[PDB]
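**Q**
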Amino acid sequence: XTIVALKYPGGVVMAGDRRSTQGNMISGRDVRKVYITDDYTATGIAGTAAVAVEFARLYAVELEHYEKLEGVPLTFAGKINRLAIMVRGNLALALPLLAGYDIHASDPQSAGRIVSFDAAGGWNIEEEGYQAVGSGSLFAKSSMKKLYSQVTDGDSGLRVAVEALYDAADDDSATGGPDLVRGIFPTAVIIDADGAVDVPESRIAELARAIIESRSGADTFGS
Amino acid sequence: XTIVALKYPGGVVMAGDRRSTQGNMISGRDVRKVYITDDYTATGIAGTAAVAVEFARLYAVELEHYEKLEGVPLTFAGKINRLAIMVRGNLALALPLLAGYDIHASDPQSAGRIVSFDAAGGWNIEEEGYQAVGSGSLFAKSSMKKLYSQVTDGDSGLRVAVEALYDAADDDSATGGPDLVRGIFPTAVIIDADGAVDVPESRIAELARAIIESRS
Amino acid sequence: XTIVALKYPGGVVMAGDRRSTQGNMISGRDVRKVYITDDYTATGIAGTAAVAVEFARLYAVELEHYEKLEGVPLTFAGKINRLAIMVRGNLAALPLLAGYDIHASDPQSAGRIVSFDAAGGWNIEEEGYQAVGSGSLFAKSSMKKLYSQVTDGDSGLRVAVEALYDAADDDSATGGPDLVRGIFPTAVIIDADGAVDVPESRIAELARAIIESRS
Amino acid sequence: XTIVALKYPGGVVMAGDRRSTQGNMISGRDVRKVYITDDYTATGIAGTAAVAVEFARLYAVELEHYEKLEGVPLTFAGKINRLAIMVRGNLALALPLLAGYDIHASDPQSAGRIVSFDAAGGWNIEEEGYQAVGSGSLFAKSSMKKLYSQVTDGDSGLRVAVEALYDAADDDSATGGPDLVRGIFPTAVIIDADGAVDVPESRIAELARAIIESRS
Amino acid sequence: XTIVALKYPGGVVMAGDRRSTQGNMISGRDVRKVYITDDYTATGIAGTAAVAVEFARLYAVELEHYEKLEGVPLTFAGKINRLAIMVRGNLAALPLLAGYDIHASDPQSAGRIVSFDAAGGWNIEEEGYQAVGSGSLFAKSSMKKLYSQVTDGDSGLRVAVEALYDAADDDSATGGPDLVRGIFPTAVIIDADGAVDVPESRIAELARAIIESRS
Amino acid sequence: XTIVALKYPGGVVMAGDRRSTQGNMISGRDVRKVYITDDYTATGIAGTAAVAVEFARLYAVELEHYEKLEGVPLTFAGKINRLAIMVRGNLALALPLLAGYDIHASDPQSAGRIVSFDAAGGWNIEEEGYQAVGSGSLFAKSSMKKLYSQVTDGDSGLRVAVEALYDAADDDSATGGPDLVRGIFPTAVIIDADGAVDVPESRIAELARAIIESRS
Amino acid sequence: XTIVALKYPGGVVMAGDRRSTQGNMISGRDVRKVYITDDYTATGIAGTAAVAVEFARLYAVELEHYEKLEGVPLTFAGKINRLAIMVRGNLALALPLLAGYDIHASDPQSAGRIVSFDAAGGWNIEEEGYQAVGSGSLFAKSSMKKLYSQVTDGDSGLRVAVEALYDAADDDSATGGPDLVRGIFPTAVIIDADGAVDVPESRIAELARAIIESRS
Amino acid sequence: XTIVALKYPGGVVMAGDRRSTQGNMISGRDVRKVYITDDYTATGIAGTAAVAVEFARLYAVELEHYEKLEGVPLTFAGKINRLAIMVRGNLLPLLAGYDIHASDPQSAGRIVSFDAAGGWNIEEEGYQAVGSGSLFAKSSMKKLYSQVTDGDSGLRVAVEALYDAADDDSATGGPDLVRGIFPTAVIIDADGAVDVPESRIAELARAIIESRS
Amino acid sequence: XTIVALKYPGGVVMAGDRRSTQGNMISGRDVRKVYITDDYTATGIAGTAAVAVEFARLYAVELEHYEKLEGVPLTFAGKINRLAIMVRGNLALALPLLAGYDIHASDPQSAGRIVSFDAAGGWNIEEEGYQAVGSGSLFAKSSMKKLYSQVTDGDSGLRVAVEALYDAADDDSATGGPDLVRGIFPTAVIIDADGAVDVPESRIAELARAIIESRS
């Protein structure tokens, strides 16, 4: 299963596929893997619906816990630190991808942040502009590498994220592509200076149909 | 990967998906798994492109070798026997599905034949009317169970076979569904009294598009 | 052994087979696997008569314990949360939960089905149906083709019994309707008026019609 | 899966179930496990359709090969000896049950013979009057123990064999009971002084429904 | 290590990196992995210099042996069959074969690419490109986005070198163009006039242009 | 991945590569492995970005904790002792390399100190003048062996450190060389009597570009 | 690595080599393995620089801890007992060699003591006059056996100890010989009635040069 | 144990250390690991005295056997092929040679090494080393190779590479000044393969030691 | 068990102990391990009486077989080659020690030869002047290292060989020392230009007693 995240001018976008498998068998088609955790952060886990929701819930609780006790939210570095303590504690398994926006960073245009975790539970701030986790991550990363120059705003960003997920599904059977028959598409979250918001199903649906139409044409031109 | 086969009044049809995987990675999209082996038989293997074609090739050579030596082709029972020996020998891996038409059977409407193999290399003539092998075979068989009453001829036979493969792909990631973007659809063979012929890609495409439209 | 559950317009239905096996030997023929746990929920476990009753009993006690202490029942999300804590605690067979959210905005789609994976993770089913056990794949593939026929509670109960029949038809670990002994699948139906046990006679008439229809 | 055999005054009867399983999954419902091997013998294997027919075929060829070469058939002791050599040769999982009638025995009323094989491939002559092999053997043997006193002829002998198989199916999920929906019933062979004959599907059906009516 | 192959209008091109590793240590920088095997074929192995040269040599001997004995070369299908017999015999590495079928009906599409899976099974590639080795997934994903640009031999060769560049950028076992030592990927092109080794100088210009474009 | 450290007259320099791998796959290109831990020390770990920063952070907190509580910083021997207790505690993995300047040493020219750790968590003061840890350590050490005579001051030392890392990258695929395309170069810290300072990226870019032009 | 210890009339001498290895690779050339632990004792461990110094430090702390608490130092028997408790505690690895001078012994000429430890952590007071621990111990012991008759005082003791270490290096690659290029020689401690002292490096250098010159 | 080989303008030089070890114990001090196999080749094995001499002897017999049977010696490619068949048959030697049939006599020197799988490799880097001290010897040659302008400086660098291998690897033996035992070496040019006199290597070893001191 | 061999001006001497053990138990006290194999050679194996004699016998037969067939004995190089082929054949256990005199060597004073074998069956010509094999070889070699300068002739050589064996016994329980109670002493062979001859027991006895009185 795959989760992607990318920085765009003024923010960050995170998107995840909807499949879950038990071996070769498809066990889920509506799996939500990306969740808003506070006003400026979102987490994505390339695992089951339960692992994704339970992790996000527990992290959301810790952040808001601190806010009620201390009156102010944690700094971005403090949010990662607490996430890292939570990830290292569960190693007793799928690793999280965090998308955030640092409201206290000097340059607002590059205040988007992406943090990933390696097998040993070690955090990493991504400086390449994008990242992906899961079984289709290499395919999604190699796709974003070629398409990243096209990201100039939020919608451009969301489009590239959806195309990266499409490319992950095209080459990895564990990642689900857009289901045009059932009307199920990747979920996404966008985060900028105004906060974290869920992207409406209608725009992701428009974009997924457009990528498919576009690939169908390119295929007929090459044959 | 999945191969299906069903009997219809007057013949038999066999169809297979086009995917091949290396774990979670998709390694093939144009994989042909069903091949005509003689004028009245076809074999399908739910494995790689090479295992499918190599097996079919060796079996086709063996059936034609006998015909050239003895002047007449083997009886259907003899064809299965030779296949069984070939299969047992190899077991010392994916299992073959054989579809054929017994030109010497008393009743021409039920002369279609489907033969499968179990893990131990044992043959089984299917009497249920249909069969499937591969990772999505349970899903395909359960689908055919509910749709078999609709089979009334070769076209309704071809439709049910494509729908069974669609259901296998819908529930099993190792089985490939119809790729509308690339124009890749399941391959099929239909065998009746006039012999075994490859079903044109165009007819499978129309049937695949109608199953999709119907579910949407 | 197989348990199935499906959402119909106005509620949910859950049904389970009556067999239990010890390897290849039939050890039970009247095994009840589906139990009402509170006014709006039912649990089904595809295991032995003991695991099924013991789990349901502990869960029912936990729900009622909450209600007596706090005066009001748990919200549906809270019920699942408590069930999940119970399932994860036993891991250190998995249940299928059917319910009706009395607080959901649309009463027609207020039915809920929750299943658990090997790791003890919960999953709210959006497809309309679910099955657990050794015959689950067969039951699910059968409901896939018959779900369009579900228009009310009775047609919903008929499709549940047919899914179980289909599960028994190709899984020896799931028991079909025994016409000789008069033993049929058990079922629970939950709507706005609460969870009620489906009478044996109704399941019997339906099982008899499915058999004659296949014959 | 289960095969049963019993001696009655004047001959022997052998009957087998129709199921085959891959773990918990039902893979067959029309599995024929009992086959006539020569004019006076029949073999039954509690395994797959393939193991059952392949074994019976090789054994039938061996018996007829001897008859053509030497002009006369082997004595009953010689038939068992050849079977034993065949069983020990394959075991270097499923073990055969052989029912036969010794045309050269002094008492025609007790000329019926039942021979079974053990996990080590050793032959056994059953002097208990009945025997059973397979996953439901214990249940079938315990059933025959209580019903054997009712065996007085070929018909009663056949009723008891069908009831033993019914009891095996009632307690063992690997053995298939009579399918009233599909019309599939246990297969049976009866051997007396006039030779080995397949029992008509209709007679076993009538006996199976009689058992079901009796138990309800 | 990585080998790439792609079909272009009128032929085929195959290129390979120059690195060899013993665990994490770089053991070779001049490793030639792609060799011409007959007038119309080339083989590439993503292994050591020895495995690549020894395999190519034995295969080239087998193709010429047949030609001398029978007077005519094997058909393309026969060349693959012989290669497959050689690969299955060694398994009891995994080559990429690129060729041009002089007997095909359409000369523009006469280019052929054959790869082998872990079990020694052959696969004719109908996608237009293929890659083998530790950086093969990165090279294939790169060619997927750049293939629309392949319109002739020169552009076929630019995409091949860019695919290898992308493999090296993401996989430490694949070597990128060494501007310090002047070592670049080796390539072979096949069209209707036969197979030929691509001059080091043309590969160096392409590699210099790909690097200037990335910075 | 590799970290190198060398003593120069009047001080010490520590430099580290920027790569991180996950088997054969490059997972990082911007990995900072060397961090200033107090006014006179720096730690370098040849591991992931997280292990390097988390270790340095905990050690920096420990050194400052003591200074605030006791009013004066720990002696150099005390700093090593605290580091050793921390390293032995984590084993119950990649090992640290400490570079520091002993402000209380009698001879300021040789007041630079280098401290490493072995597999068992044992400390060691290098007397050779240089040291390296990680997968390219032999290559870096063998390179410094031949170039150490050229070290006369901080800039000479820094050159030899960057060249050692270049030689580690040239022979070890797990160590990253200077990326001229992305503009990513090794990070370095220099410590003398005036304290620990991060070497500007532009000075390292200048050294690396020149080592490349030199070998061209 | 090797540590040697020998009794001379009036005291005891302990000397150790300077090498450390990581398999076949030389990891250290300046490794100090012998340390004075109190006014009358010294410990030597044939292990890493860290294991040797950490062990000696902890033991020195305990001996001085007792002296400050009780006003008088432990008897020699008490010092061994405390060392043994420390060795058994770490084992539940390299074995300690202790050299001392019993200030309370009746005959001052034979008051020198050598204590070694076996694999199980058991102490042993050597009555042979000399002992050695480490990978070159057998070669050093074998050498002292032939040269012990020459030990008539502290000077001769030190000369023989250096020759035993030289012989260990000549036959065992894990033991380092005198490095005339770098000017690194074995370390030594002499203990007599006046206390434990570090032997000056120039003195060991002179002895090493004379042994080398003699064998040429 | 370590064997080094390097190409110089006009030929090739191969040198090997003299130690052999049984685990940690020094079992040999006079071990000859480099042997002339024909007029233009030499083999070196970083193993025991027996493995080195036995291998060289069988290979020398094979080369001369061909020459007597066919009248002409094998081409350089044929010599490698025969060596490769011999190595794969037993399962790491280092071969140094001069190709008398090469177009340019200044670069006719050849160095062939073998990997763990028995695969041959012609070295285009100018030098190579095999054995337990090979990484140290190669890193040393990397920095000193620019100094190689003839046979004399080629040999000096070879001896220095072996010195560096011994300085960092206990399994490789350095020059024993006490016993007068030094590395052995073979130099091959257009005039054939000749053993380097012990006196020349001793002169070089002493100069390297005075230089590091 | 231990075998030693040494070169003296004009020849070579080989001597071996007399013990054999089965674990900790002494199983032999009269074990002869050194045997003359031809006019100019002797073999010694540090194993059981049987392994030592059977090996020497097979090798002696091989050398004489060649001499009778070809008329002349093998050259020294040929004798080692044949021995090596024999050793490698048995290893696909204890390894042999061969002492010989090369009658065709240019310098008669240094014509003595000693050849040993390593674990892999590889031969080695000794250039140190002496060698030893077995469980006490290290002690015997270290003893000879200090005593070799005393070897000026055959008597000096034999004296040193007996002292090396004594020292091996002293330090290793598996090697037997001179038994004064039973009158059992090491066996020895001396080889010069006049051939190989067994040293009289009486000469070894007076040498052994002198060494013992010397150590007392």
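Protein chains in written order, with PDB author numbering: chain R, 301 to 392, 399 to 529; chain J, 301 to 392, 399 to 522; chain Z, 301 to 392, 400 to 522; chain T, 301 to 392, 399 to 522; chain C, 301 to 392, 400 to 522; chain E, 301 to 392, 399 to 522; chain L, 301 to 392, 399 to 522; chain H, 301 to 391, 401 to 522; chain P, 301 to 392, 399 to 522.
Just so you know, even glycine gets a beta-carbon here, dropped at the ideal spot from N, CA and C.
1) Tell me where the beta strand (DSSP E) around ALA502(T) begins and ends.
2) Report the residue ranges of all alpha helix (DSSP H) runs contained in full by the segment 429-462 of chain R; include only those spanning at least 4 residues, in chain order.
3) Please name the residue in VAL353(E), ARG332(E), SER520(E), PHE376(E) whose C-alpha comes closest to that of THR341(E).
4) Taking the alpha helix (DSSP H) that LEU401(L) falls in, what are its first and last residues?
5) Roughly how many angstroms lie between the CA atoms of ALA480(T) and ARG319(Z), to the nearest whole one?
6) Compute the distance between the beta-carbons of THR337(C) and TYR308(C), then report whether it is under 9 Å.
7) What does the alpha-carbon distance come out to for the pair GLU362(L) and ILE345(P)?
8) Just to confirm, are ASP476(H) and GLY310(H) a CB contact at a threshold of 9 Å?
9) Would you mind telling me which residues of chain E sit closer than 7 Å to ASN324(C), beta carbon to beta carbon, in chain order?
10) Once the 5 residues before and after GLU367(L) are set aside, which same chain residues still bring their CB inside 6 Å of it?
11) Assign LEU464(Z) to one of three DSSP states: helix, strand, or coil.
12) From the DSSP secondary-structure annotation, give me the bridge partner or partners of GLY347(R).
13) So, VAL313(R) versus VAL495(R), is the Cβ gap smaller than 9 Å?
14) Give me the chain Z residues within the contact set of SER449(J), using Cβ-Cβ distance strictly less than 9 Å, ordered along the chain.
15) By how many angstroms is the C-alpha of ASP330(Z) removed from the C-alpha of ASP408(T)?
16) Can you give the Cα-Cα distance for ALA400(P) and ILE326(P), rounded to whole angstroms?
17) Reducing DSSP to helix, strand and coil, say where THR526(R) ends up.
18) Can you list the residues of chain E that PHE445(H) reaches, using a CB-CB cut of under 8 Å?
19) Write down every uninterrupted run of the beta strand (DSSP E) in the segment 477-518 of chain R whose length is 3 residues or greater and which is fully enclosed by it, in chain order.
20) Roughly how many whole angstroms lie between the Cα atoms of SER422(L) and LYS452(L)?
21) Cβ closer than 7 Å: which chain H residues qualify as neighbours of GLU433(P)?
22) Pull out every residue of the segment 332-346 of chain T whose Cβ sits closer than 7 Å to any Cβ of chain J, in chain order.
23) DSSP puts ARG419(E) in a beta bridge; with which residues?
24) From which residue to which residue does the alpha helix (DSSP H) around residue 396(L) run?
25) Name the one or two DSSP bridge partners that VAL313(T) has.
26) Can you look up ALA352(R) in the DSSP assignment and give me helix, strand or coil?
27) Near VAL353(P), which residues of its chain fall below 8 Å by C-beta distance, leaving aside the five closest residues on each side in sequence?
**A** Well, looking at it:
1) For the purposes of this step, residue 502(T) is identified with residue 196 of the fourth sequence, where counting begins at 1. Counted as a single uninterrupted DSSP element, the beta strand (DSSP E) harbouring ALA502(T) occupies residues 501-504.
2) Counting whole runs of 4 or more residues, the segment 429-462 of chain R contains the alpha helix (DSSP H) stretches 443-453.
3) Here residue 341(E) refers to the residue found at position 41 of the sixth sequence. When each option's Cα is compared against that of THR341(E), the closest is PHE376(E).
4) Within the seventh sequence, numbered from 1, the residue matching residue 401(L) stands at position 95. Judged by DSSP secondary structure, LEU401(L) falls outside any alpha helix (DSSP H); it is assigned neither H nor E.
5) Here residue 480(T) refers to the residue found at position 174 of the fourth sequence. Here residue 319(Z) refers to the residue found at position 19 of the third sequence. Taking the straight line joining both Cα atoms gives about 14 Å.
6) The residue you call residue 337(C) lines up with position 37 of the fifth sequence. The residue you call residue 308(C) lines up with position 8 of the fifth sequence. The answer is no: Cβ separation not under 9 Å.
7) For the purposes of this step, residue 362(L) is taken as the residue at position 62 of the seventh sequence. For the purposes of this step, residue 345(P) is taken as the residue at position 45 of the ninth sequence. In this structure, the straight-line span from the alpha carbon of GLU362(L) to that of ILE345(P) is close to 53 Å.
8) For the purposes of this step, residue 476(H) is taken as the residue at position 167 of the eighth sequence. For the purposes of this step, residue 310(H) is taken as the residue at position 10 of the eighth sequence. Contact: no.
9) Working through the fifth sequence from its first residue, we reach residue 324(C) at position 24. Simply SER441, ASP478, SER479, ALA480.
10) On the seventh sequence, residue 367(L) is found 67 positions in, with the first residue counted as 1. The answer, listed in chain order, is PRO373.
11) Stepping through the third sequence from its first residue, residue 464(Z) is reached at position 157. When DSSP states are grouped into helix, strand and coil, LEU464(Z) belongs to the helix group.
12) Position 47 of the first sequence, counting from 1, holds the residue named residue 347(R). None; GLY347(R) has no bridge partner.
13) Translated into positions along the first sequence, residue 313(R) becomes position 13. Translated into positions along the first sequence, residue 495(R) becomes position 189. Between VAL313(R) and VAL495(R), the C-beta spacing is below 9 Å.
14) On the second sequence, position 143 is the one that residue 449(J) refers to. Within 9 Å Cβ-Cβ: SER448, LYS451, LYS452.
15) Within the fourth sequence, numbered from 1, the residue matching residue 408(T) stands at position 102. Within the third sequence, numbered from 1, the residue matching residue 330(Z) stands at position 30. When rounded, the distance between both Cα atoms is 48 Å.
16) By 1-based counting over the ninth sequence, the position of residue 400(P) is 94. By 1-based counting over the ninth sequence, the position of residue 326(P) is 26. Within the model, the alpha-carbon separation for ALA400(P) versus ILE326(P) is close to 18 Å.
17) Locating residue 526(R) in the first sequence gives position 220, where the first residue counts as 1. In the three-state reduction of the DSSP assignment, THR526(R) falls in the helix class.
18) As a first step, residue 445(H) must be located in the eighth sequence, where it is residue number 136. Simply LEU444, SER448.
19) Entirely contained in the segment 477-518 of chain R, the beta strand (DSSP E) runs reaching 3 residues are, in chain order, 493-498, 501-504.
20) As a position in the seventh sequence, residue 422(L) is number 116, starting the count at 1. As a position in the seventh sequence, residue 452(L) is number 146, starting the count at 1. Distance between the alpha carbons of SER422(L) and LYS452(L) is about 21 Å.
21) The count along the ninth sequence starts at 1 and reaches residue 433(P) at position 127. Within 7 Å Cβ-Cβ: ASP330.
22) Cβ contacts with chain J: none found.
23) The count along the sixth sequence starts at 1 and reaches residue 419(E) at position 113. Partner residues in the beta bridge of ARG419(E), as assigned by DSSP, are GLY406(E).
24) Here chain L is numbered 392 followed immediately by 399, so the structure offers no position for residue 396(L).
25) Stepping through the fourth sequence from its first residue, residue 313(T) is reached at position 13. Beta-bridge pairing links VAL313(T) to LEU306(T), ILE496(T).
26) Taking the first sequence and counting its residues from 1, the one referred to as residue 352(R) is at position 52. Look at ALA352(R) here: in three-state DSSP terms it is helix.
27) To locate residue 353(P), count along the ninth sequence from 1; it is residue 53. Answer for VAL353(P): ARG332, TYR335, listed in chain order.
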